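# Fold and geometry: a report
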There are 4 protein chains.
Amino acid sequence: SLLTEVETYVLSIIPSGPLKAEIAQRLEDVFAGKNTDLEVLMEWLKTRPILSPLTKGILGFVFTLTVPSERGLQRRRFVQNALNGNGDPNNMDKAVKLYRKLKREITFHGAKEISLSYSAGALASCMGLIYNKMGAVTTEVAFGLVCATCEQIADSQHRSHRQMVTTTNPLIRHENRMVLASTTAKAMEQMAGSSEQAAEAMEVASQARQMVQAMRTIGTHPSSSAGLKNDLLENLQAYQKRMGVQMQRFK
Amino acid sequence: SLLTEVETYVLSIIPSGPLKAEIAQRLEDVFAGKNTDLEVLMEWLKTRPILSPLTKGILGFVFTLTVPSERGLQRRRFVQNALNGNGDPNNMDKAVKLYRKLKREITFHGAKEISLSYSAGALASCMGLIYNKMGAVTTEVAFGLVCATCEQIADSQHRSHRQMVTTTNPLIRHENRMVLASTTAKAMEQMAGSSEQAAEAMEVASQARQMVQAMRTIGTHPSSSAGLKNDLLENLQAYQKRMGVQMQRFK
Amino acid sequence: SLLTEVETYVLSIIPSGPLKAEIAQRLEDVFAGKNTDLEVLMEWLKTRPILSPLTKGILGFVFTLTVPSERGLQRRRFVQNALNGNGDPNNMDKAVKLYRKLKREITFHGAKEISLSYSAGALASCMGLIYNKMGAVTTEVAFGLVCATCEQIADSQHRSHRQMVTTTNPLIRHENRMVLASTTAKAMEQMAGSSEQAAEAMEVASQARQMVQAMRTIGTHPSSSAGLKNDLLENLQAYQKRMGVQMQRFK
Amino acid sequence: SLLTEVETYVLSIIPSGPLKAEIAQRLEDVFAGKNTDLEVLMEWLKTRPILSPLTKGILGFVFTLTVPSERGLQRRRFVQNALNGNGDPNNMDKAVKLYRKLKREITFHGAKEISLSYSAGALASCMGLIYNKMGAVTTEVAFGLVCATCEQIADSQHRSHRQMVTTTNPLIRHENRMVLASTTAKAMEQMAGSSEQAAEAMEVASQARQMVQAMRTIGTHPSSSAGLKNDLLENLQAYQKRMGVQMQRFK
């Protein structure tokens, strides 16, 4: 069940969207013996616009571990660029210290357990060593290094959400609502359901998007109005809930 | 959800107006794989008249992080001019001290958390290093530096409002009302609704604008009248509330 | 006479060859009011194959200081890449410490005198700050920073020669002779004199080149022969002197 | 004159033979602006049978530094395999310690001077970091790392010769002569001169080769004869000198 456990950590860091569905479907193919040619897979991976270079690096890295027949594959540049760890010497010293301990393990958990003791920076650098063949560790350990990195990123992915919503600055909190509404509105428009709900869903989605932009145009500063900041948010709250129920309707 | 979190901080600092709607719509295109050519985007960004040079710098900076294929892009001058941090040596020393710590992180939150410990001046200088390629940090960290700067500006954006309205000097407080009314009146006139309310909204907006200028002409100094300062504000207060309700009518 | 003094230091680091003649002739044009368009100049500079990226950086940097009308020029990428100082934080801290002192000077010598007290690494980073507009110093000081860098490189250019020829390892010393002969032979062939000496010079040059490669093919290891290592060098010594006198014949 | 100094160190380690002539001629093309396509060059380099993997690695490494336009090149597998330093953690720790110091230098000599203080093992590993983009140092420093490695190998190349010829074991010393004669005989046969000396040179070369194999067949052990070990070497000594003079005859 290692292939399932790694798939949890890897897919956690990827942002939600059509790519996440496409990436996960790709992971199943290469985790189920349906391995397509690596080059066309990675070439498709490279062109993806939304993924961050670091996140794009891990997905490229994980594919290489599955495909057999080394010495005939190709080490993609963007993976090396992403995983290089900024070329820092100080953190890369920790990476070697990690890689010393990883070489002695063969169990996936043993790699993950020791790896999480080190900073998120070192794992990216150390994970570069395995990809570049500078080091060499068994496949089970290498995933244990990926999950330690993916868990570290995934932890900060969640910790950022907790800090952003509980922020005390009112200005961004208002700004958080409009962009959040726009993103939720964007979610329906891009996913056009087969049923007639797509037309209705697009309308309500376009309604919020057409209205949120007007809300930004008026603004919500205390000095930009005389109490209009209050009622402006209220319509958004209704619109957010209006879009909230709309999601499960086509479900 | 990093692309949403950065979009909150970036759009917070931009002043409300038609540009804010246009800028945010642009951010969605470059955060959703609809990346237009960078040069035409930044060229449009440069010509924008209302944005401050520093605020214009961050928006230019954020776009560069998304677009791939370095060595073939172009480093715009105005970004460097805005982000140079006034060429101070003292604050730029802090920026390097920051950049030393940022290089070791890969998590967005880790960059943001450490960055906020430093003065707003250093972040502008340090954020210059990443843009100029003097330094090099992973994309997730770099946004973590932007949000630290955007949060710092956004905090002072709000803190200025609190200090301005609670100011004890009566002269500016009266002056605050007329300019506030003019801005609110200006908001409707520029946003011409499709409904017939645009004609009526323009009339009431022009009424306040035509009357606020007369109010300035008479003045409101204690020595410029013999109690007319009192009733002059009262009509503004009605006009402000009259325009206040008028906003949600076309909503 | 500043323009002459800087031209000494800048041209010292460039390796000898046709490019050095072309570069110096270009420096005269931009140091004598014959300033060609910067972009076509730097574009020609970029394509040069022999110059190292760092050395190519300084020549690009020096041209920018001469051309007037900032805000309308363009900051070339390769200059930033070369002058970034590897993005190290530690040496860049020294660069700011330098840049603090340079800002207070206006004399060219004052900049050069203080600059040489710092390691060659910092000057490259600090010299990046001036080019990127992160800092701002008067033109006379900026050349004083270039000459400090050029002098530092030029010093190590000479110090390498002293260490290479006085090396105790016999194997490279023999190898030094063949490559040295090939380079000297290459010097005549590329510079085709207008007189008939070009044909004769090419013949003797091709003679050494045709014979030095045979010398490498046989080798000169003590275990690759039984005393042939001795007489093999002797013919080279004659050939080197034969080419030595041949140089001043077309002079 | 950096391109000449590096060419000395690089060509020293390569064993003598037709490849050494071909490799050096290739180095001139890529050190003189005649840069052929990298891929066809490295592909030809990969197929070379005589070069050791480590020595083949350096030649592949040096070419990559010259060719411009990164992000569009390709990192060859065999270079990474050769330069990985056996994936040891202990020596790779030294490599990072080296790479920390190299990042702060820009002078070629400065890189070479500090690099030679470290064991030959670390330089191979550290030189791997630059090729893999794990690190990043200026081109002048990187050659300074290569020459430190090439010098270290070249020093041991010579030190092995001193120890082999001065060995006290008589059995290998006799064996040294036959193989040395065979190699010298092989040198003429492969290099077929244009003059008629090729036929005569082949005959005398085949004479020694035809006779050295007979000498091995009889053997030269003290227990394999009753004094024939003495006169058997004498004919070789004449044959070695006979081939010794024959070399400069076609010269």
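This write-up is about the structure you can find in this document. (Residues numbered from 1 in each chain as written, not as in the entry; some residues may be left out. Chains lettered and ligands numbered in written order. Part of a larger assembly, values for the part shown. Heavy atoms only, no water.)

### Structural notes on the interface of chain D and chain C
Note the following rule: Residue contacts follow a heavy-atom distance rule, with two residues in contact if any of their heavy atoms lie within 4.5 Å. Put simply, buried area is how much 1.4 Å-probe accessible surface two parts lose in total, over both of them, once they are put together. Criterion for a salt bridge: a side-chain nitrogen of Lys or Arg within 4 Å of a carboxyl oxygen of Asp or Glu. Think of a polar contact as two N or O atoms within 3.5 Å of one another; within protein, one of them needs to be a possible hydrogen donor and the other a possible acceptor, and neighboring residues in sequence only count if both atoms come from side chains.
Taken together, the contact between chain D and chain C spans 49 residues of the former and 45 residues of the latter. Taken over both partners, the interface formed by chain D and chain C buries close to 4200 Å², and the fraction arising from carbon and sulfur atoms is 62%. Among the residues of chain D in contact with chain C, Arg104, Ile106 and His109 of chain D are the three that bury the most area, contributing 15% of the side total. Ionic pairing is found between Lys20 of chain D and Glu175 of chain C, a salt bridge with its closest N-O pair at 3.3 Å. Counting across the interface, chain D meets chain C through eleven residue pairs in polar contact.

### Some thoughts on helix α12 (residues 228-250) of chain D
Definition in use: The way it works is that DSSP assigns letters per residue, a run of H or I at least four long becomes a helix, a run of E at least two long becomes a strand, and they are numbered from the N terminus. Helix span is expected to be 1.5 Å times the residue number reduced by one. A 1.4 Å probe rolled over the protein chains alone gives each residue an accessible area, and that area as a share of the maximum for its type sets the label: buried under 20%, exposed over 50%, partly exposed in between.
Under the 1.5 Å per step criterion, the end-to-end length of α12 of chain D is 35 Å for 23 residues, consistent within 8% with the ideal 33 Å. The complete set of buried residues in α12 of chain D reads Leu232, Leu233, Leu236, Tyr239, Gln240, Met243, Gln246 and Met247 of chain D. Lining the buried residues of α12 of chain D we find α11 (197-218) and α12 (228-250) of chain C together with α10 (170-190) and α11 (197-218) of chain D.

### Things to note about unusual backbone geometry
Working note: non-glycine residues mostly have negative phi, and peptide bonds are mostly trans. In this structure, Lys133 of chain A is a non-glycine residue whose phi angle is positive, near 70 degrees. Tracing the backbone shows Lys133 of chain A in the loop between α8 (120-132) and α9 (139-165). Even without a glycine there, the phi angle at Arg71 of chain D is positive, about 60 degrees. For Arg71 of chain D, the location among the structural elements is in the loop between α4 (53-66) and α5 (77-83).

### With respect to the packing of helix α2 (residues 18-30) of chain C against helix α4 (residues 53-66) of chain C
Residue and element names in this part refer to chain C. Put simply, the test is: Axis definition: a line fitted to C-alpha atoms, limited for helices to the stretch in contact. Angles are taken between N-to-C directions and run from 0 to 180 degrees. Just so you know how the angles are binned, under 35 degrees is roughly parallel, over 145 roughly antiparallel, 65 to 115 roughly perpendicular, and the rest oblique. Left-handed is the label given to a crossing in which the near helix is rotated counterclockwise from the far helix by less than a right angle, and right-handed is the label when the rotation is clockwise. Three categories are distinguished: nonpolar for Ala, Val, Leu, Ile, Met, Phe, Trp, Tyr, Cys and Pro, charged for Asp, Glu, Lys and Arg, and polar for the others, with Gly belonging to the last.
The geometry of α2 relative to α4 is characterised by a closest axis approach of 10 Å and an angle of 15 degrees between their N-to-C directions. Classified by the angle their axes make, α2 and α4 are roughly parallel. Of the two possible hands of crossing, α2 and α4 adopt the one that is left-handed. Judged by residue contacts, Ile23, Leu27 and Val30 of α2 engage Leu59, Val62, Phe63 and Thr66 from α4. When its residues are assigned to classes, the contact of α2 with α4 shows six nonpolar, one polar and no charged.

### With respect to helix α10 (residues 170-190) of chain A
Relative to the 30 Å expected for 21 residues at 1.5 Å per residue, α10 of chain A spans 31 Å between its end C-alpha atoms, a close match to the ideal helical length. Lining the buried residues of α10 of chain A we find α9, α11 (197-218) and α12 (228-250) of chain A together with α1 (2-13), α2 (18-30) and α9 (139-165) of chain B.

### Some points on the packing of α8 of chain A against α9 of chain A
The relative placement of two packed helices is expressed as an angle between their axes plus a distance between the axes. All names here are of chain A. Where α8 contacts α9, the two axes come as close as 9 Å, and the packing angle between them is 150 degrees. In this view, α8 runs roughly antiparallel relative to α9, as classed from their interaxial angle. When the axes of α8 and α9 are compared, the crossing they make is left-handed. Facing α8, whose interface residues are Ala120, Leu123, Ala124, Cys126, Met127 and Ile130, α9 presents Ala142, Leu145, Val146, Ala148, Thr149 and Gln152. For the contact of α8 with α9, the per-class residue count stands at ten nonpolar, two polar and no charged.

### Looking at the packing of aromatic side chains
Rules: Aromatic rings from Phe, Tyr and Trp, with only the six-membered ring used for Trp, were paired whenever their centres fell within 6.5 Å, and each pair was classed as stacked if the ring planes differed by under 30 degrees, edge-to-face if by over 60, and tilted otherwise. By definition, being over a ring means that NZ of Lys or CZ of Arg is both within 6 Å of the ring centre and within 35 degrees of the ring normal.
Taken as a whole and assessed by the stated rule, the structure comprises four aromatic pairs over all chains. For the pair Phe61 of chain B and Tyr131 of chain B, a centre-to-centre distance of 6.1 Å together with 75 degrees between the ring planes defines the contact as edge-to-face. Remark: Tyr131 of chain B occurs in helix α8 (residues 120-132) and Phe61 of chain B occurs in helix α4 (residues 53-66); sequence separation between them is 70 residues. Each member of the pair, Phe61 of chain B as well as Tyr131 of chain B, carries the same accessibility label: buried. The ring of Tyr131 of chain B has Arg75 of chain B lying over it, and the distance from NZ or CZ to the ring centre is 5.4 Å. When the ring centre of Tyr239 of chain D is taken as reference, the NZ or CZ atom of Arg242 of chain D above it lies at 5.1 Å.

### Some thoughts on the pattern of salt bridges
Taken as a whole and judged by the stated rule, the model has 42 salt bridges over all chains. As a salt-bridge pair, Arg76 of chain D and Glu43 of chain D come within 2.8 Å of each other at their nearest N and O atoms. Within this pair, whereas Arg76 of chain D is found in the loop between α4 and α5, its partner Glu43 of chain D is found in helix α3 (residues 38-47), the two being separated by 33 residues in sequence. Taking the relative accessible area as the measure of exposure, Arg76 of chain D reaches 7% and is therefore buried. Taken together, the shared-partner salt bridges connect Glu39, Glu43, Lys46 and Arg76 of chain A into one network.

### Observations regarding a positive patch on the surface
Selection criterion: Patch membership is restricted to residues that have no salt bridge and whose relative accessible area is over 30%. Joining uses 9 Å for like charges and 5 Å for the nonpolar side chains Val, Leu, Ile, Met, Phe, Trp and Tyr. We get accessible surface area from the Shrake-Rupley algorithm with a probe of 1.4 Å; when it comes to residues, only the shown protein chains can shield them. Residues counted as positive are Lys and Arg, residues counted as negative are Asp and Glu, and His and the chain ends are not counted. The atoms used to mark charge sites are NZ of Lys, CZ of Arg, CG of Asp and CD of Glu.
Residues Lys94, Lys97, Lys101 and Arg104 of chain A together with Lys94, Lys97, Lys101 and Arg104 of chain D make up a contiguous surface patch of positive charge. Elements with a minimum of two residues in the positive patch: α6 (89-103) of chain A together with α6 (89-103) of chain D. Relative to the assigned elements, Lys94 of chain D resides in helix α6. You can call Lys94 of chain D partly exposed: its relative accessible area is 38%.

### What to know about the interface of chain A and chain B
Contacts between the two partners involve 44 residues from chain A and, on the opposite side, 49 residues from chain B. Together, the buried faces of chain A and chain B total about 4200 Å²; carbon and sulfur atoms form 62% of this surface. In terms of surface lost to chain B, no three residues of chain A exceed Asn86, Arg216 and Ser223 of chain A, which account for 14% of the buried area on that side. Between the two partners, chain A and chain B, sit eleven residue pairs in polar contact. Class assignment of the residues belonging to the side of chain A that touches chain B gives a composition of 16 nonpolar, 23 polar and five charged.

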